[PDB]
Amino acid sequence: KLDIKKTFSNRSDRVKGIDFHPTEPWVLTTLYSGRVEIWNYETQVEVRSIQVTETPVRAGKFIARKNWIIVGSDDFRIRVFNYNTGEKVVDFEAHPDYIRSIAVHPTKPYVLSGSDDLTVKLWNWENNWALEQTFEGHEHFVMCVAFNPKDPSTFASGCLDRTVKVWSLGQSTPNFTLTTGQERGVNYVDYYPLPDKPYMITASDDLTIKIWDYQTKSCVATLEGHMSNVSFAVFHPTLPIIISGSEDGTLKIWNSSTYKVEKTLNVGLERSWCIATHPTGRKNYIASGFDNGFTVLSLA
C-alpha cells in the first residue's frame, strides 16, 4: 500500500542534482550555488559538504565502489572528490559548455557526461579519466544520459532537439533515434529496470511524459497532467509506479499499468528539478530536489 512518509526534508539553495548512496543512508545534493551536500537522512546530520565552484552544479552521482562523488558544473568542469577524506581526485574541463547530466556505468569504469555542446562524452577512470569517445549527432543541448541497466553496453541521451538517441559504446552513430513528438524537447530519459518490458520514458517542456518500447520504437502511453515543464520521470525500480516532477511544484505518482495518476504531492519547496531512487529499494526511498531544498520520502 502507498503510505508516503517524509523521512527527511531540509531547505537549501536550488537543488539541481540528487543521488542515493547504495550502502550508507546518504543522499547527495548538488546546488545552483556551486555547493554540494551529503546528508545522512536517517540521523539528519551532514556527512560532508563542499563549495565546489561559484557556478551551478547540475549533475552529481556517487561512485560508491571508489568512495567518490563525481560532479559537473556550468564552469564546464567535471570534479571528483573522495567523500571519506574530501580529497579532490580530479578536476578537468569536460566540455566547452554546460554539463547537464552525468551517468556512471554499473560495473565498468566509465562515466558519461551530456552537455550543451551537443555531445555525450565517455571518460574512463582507469585510464586517467581519458576521453575515450565523443558521441555526436544531437542538434541541441543533451539534457540527460542514462545507461540501460539490462545492457549497459548501450545508453540513451535525451535532447532538446526532440529526440532520444540510443548508442553502443563501440560505435559512432546511434543504434536508433527516437522521434518523440515532444516538440519542446526531451529533458529526461530513463529505462524501466526489470526484464519484463523493454521500456524507456521521456519527460518534456511540452507538459507530457511518454513511455516507449525500445524494440519497436512505439509510444505505449502518454501521461498528461503536469502544468509546467516536466523535469524528470522515472520508473520506480521495485514498485509498479512512475514518479515525475515538474516546474509546477508537484511530484506525481502514476500507476505503471493503467498510466493514470495515483497521487499528486506538493511538498512545498516550489519547482522540482531532480530525482533519485534508492539503488536497491531500501525502504522504498525516493528523493527529489527543488528550488528551496530537498526531500527524502519513504513510499511505504
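Residue numbers here begin at 1 and follow the sequence given.
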| query | finding |
| --- | --- |
| Between 254-262 and 60-68 (mean CA B-factor, as deposited), the higher | 254-262 |
| Higher-B stretch (mean Cα B-factor, as the entry records it), 84-92 or 145-153 | 84-92 |
| Top Cα B factor in the deposited entry, candidates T173, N187, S113, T216 | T216 |
| Out of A130, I209, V104, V120, highest CA B-factor residue | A130 |
| Within-chain third of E46 by Cα B-factor, per the entry | highest |
| Ranked C-alpha temperature factor of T53 among modelled chain residues, by third | middle |
| Third of chain Cα B-factors occupied by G137 | middle |
| Assigned third (lowest, middle, highest) for the C-alpha B factor of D74 | lowest |
| Chain-relative CA temperature factor third for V230 | lowest |
